[PDB]
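Written below as structure tokens is the structure these notes are about.
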Amino acid sequence: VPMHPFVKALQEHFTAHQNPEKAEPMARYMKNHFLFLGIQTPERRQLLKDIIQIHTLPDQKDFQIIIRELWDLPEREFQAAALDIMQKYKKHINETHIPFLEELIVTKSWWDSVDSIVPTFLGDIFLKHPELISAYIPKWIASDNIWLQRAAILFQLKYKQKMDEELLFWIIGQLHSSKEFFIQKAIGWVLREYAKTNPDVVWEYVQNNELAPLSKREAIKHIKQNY
DNA sequence: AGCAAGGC
DNA sequence: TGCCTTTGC
Ligand SMILES: COC(=O)c1cc2c3c(cc(O)c2[nH]1)N(C(=O)c1cc2cc(OC)c(OC)c(OC)c2[nH]1)C[C@H]3Cn1cnc(N)c2ncnc1-2
Ligand SMILES: [Ca+2]
Ligand SMILES: [Ca+2]
């Protein structure tokens with residue numbers, strides 16, 4: 001049972017605003033991996049802000065505590081709220097928090113949580129500490145956990161001109177033989193997105209290195225008509 | 001605004 | 001495959 005007051009207050013308030021009619025289709029959207037209260041993002045963020053306006057944002061010493069308790073609650077809105085809350089502590093998040101973010105990636109894993117954790121929080125950390133990438137990314141690739149593997153792919157998603165091109169292409173080469181839907185998809189996504197910044201090197205990579213057909217199609221879908 | 005980004 | 005709903009922007 002949760003025990004930090006902020007989290008109790010958020011559980012009560014969210015629970016009071018649940019909508020069973022919305023809950024079933026939302027849960028089916030995540031392949032019924034999670035229970036849902038039935039609260040979509042606009043309302044969900046309104047309710048979180050209510051609790052902050054009342055209690056004020058907890059002291060930074062408790063932010064791991066609070067995220068952990070939210071992660072253990074059964075309804076998916078609490079993990080999504082936990083990530084909205086982590087956004088409000090970005091300034092105090094640093095390399096000592098990488099193992100905590102790993103734990104979050106590998107617990108209650110699905111595309112909605114991992115796609116929020118990785119490009120923003122891990123992306124930011126490794127931009128400040130790129131000498132730590134080698135302690136984590138190779139481990140994640142070798143782990144055979146698809147969510148850590150998608151993390152290795154997507155932590156650079158938002159980098160644009162900051163992208164470490166040879167690192168990106170090494171990561172993809174290590175994972176291109178994956179059968180996994182969420183790995184193939186992530187490879188096609190990061191290539192398509194980086195092609196908005198550096199289209200010529202994405203074209204050259206795709207034309208000379210093996211990829212799942214899904215990944216290759218998605219990567220070139222906006223630039224193929226220039227070639 | 002409006003368009004770009006899982007489900008089926 | 002490409003359109004849907006929702007969220008990100
Ligand atoms: C049933 O409803 C839920 O329960 C629920 C839906 C849902 C969604 C989430 C997250 C959730 O938690 C959701 N929950 N979305 C994102 O995380 C996200 C958007 C985004 C945009 C970007 O461009 C502007 C971008 O890059 C810059 C991103 O990367 C950071 C993006 N990420 C989008 C949407 C799910 N969806 C819908 N229709 C499509 N056609 C989609 N194609 C892909 N995904 C789609
Ligand atoms: Ca392997
Ligand atoms: Ca899609």
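Here is how names work: the chains are called A, B, and so on, in the same order as the sequence lines, proteins then strands, and each is numbered from 1. Computed from heavy atoms alone, side chains included, the values below leave out hydrogens, waters and symmetry copies.
Of the side-chain N and O atoms in A/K22, none sit less than 4.0 angstrom from OP1 or OP2 of C/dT5. Residue A/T41 places at least one side-chain N or O under 4.0 Å from the OP1 or OP2 atom of C/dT7.
Taking a pair as Watson-Crick or G-U wobble with both distances under 3.5 Å, DNA chain B forms stems of 3 or more consecutive pairs at B:2-5 with C:6-9, B:6-8 with C:2-4.
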message = Would A/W189 and A/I153 count as a side-chain contact (heavy atoms from CB on, under 4.5 Å) here? Give the steps.
response = CA-CA 9 Å; A/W189 183 13; A/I153 295 158; over 6 Å; no
task = Apply side-chain hydrogen bond (donor to acceptor under 3.5 Å, both in side chains) to A/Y227 and A/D200, showing your working.
result = CA-CA 10 Å; A/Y227 296 95; A/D200 293 340; 3.0 Å; yes
task = Kindly determine whether A/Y205 and A/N209 satisfy side-chain hydrogen bond (donor to acceptor under 3.5 Å, both in side chains), including the steps that lead there.
result = CA-CA 6 Å; A/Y205 180 82; A/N209 299 268; 4.8 Å; no
task = Any chance you could list the contact pattern along nucleotides 3-8 of chain B? Use B for base contacts, S for sugar-phosphate-only contacts and - for none, protein heavy atoms under 4.0 Å, 5' to 3'.
result = -SSBSS
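With distances taken from any side-chain atom of A/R45 to the nucleotides C/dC9, C/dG8, C/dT7, the minimum falls on C/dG8.
Salt bridge annotation for A/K128-A/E95: absent, with no cationic side-chain nitrogen under 4.0 angstrom from a carboxylate oxygen. Between A/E43 and A/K22, none of the side-chain N atoms (NZ, or NE/NH1/NH2) sits under 4.0 Å from a carboxylate O, so this pair counts as no salt bridge.
When ring centroids are compared, A/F63 and A/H97 come within the 6.0 Å threshold.
Rounded to whole angstrom, the span from the CG atom of A/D112 across to the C1' atom of C/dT6 amounts to 12 Å.
Nucleotide B/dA4 carries a south-puckered sugar, as indicated by a negative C1'-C2'-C3'-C4' torsion. North is the pucker assigned to the sugar of B/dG7, its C1'-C2'-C3'-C4' torsion being positive.
Ring geometry for A/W110 against A/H33 counts as perpendicular: the plane angle is over 60°, on a 0 to 90° scale with 30° as the lower cut.
No contact: A/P25 has no heavy atom under 4.0 Å from any strand.
A donor-acceptor contact shorter than 3.5 Å links the side chain of A/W71 to the backbone of A/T107.
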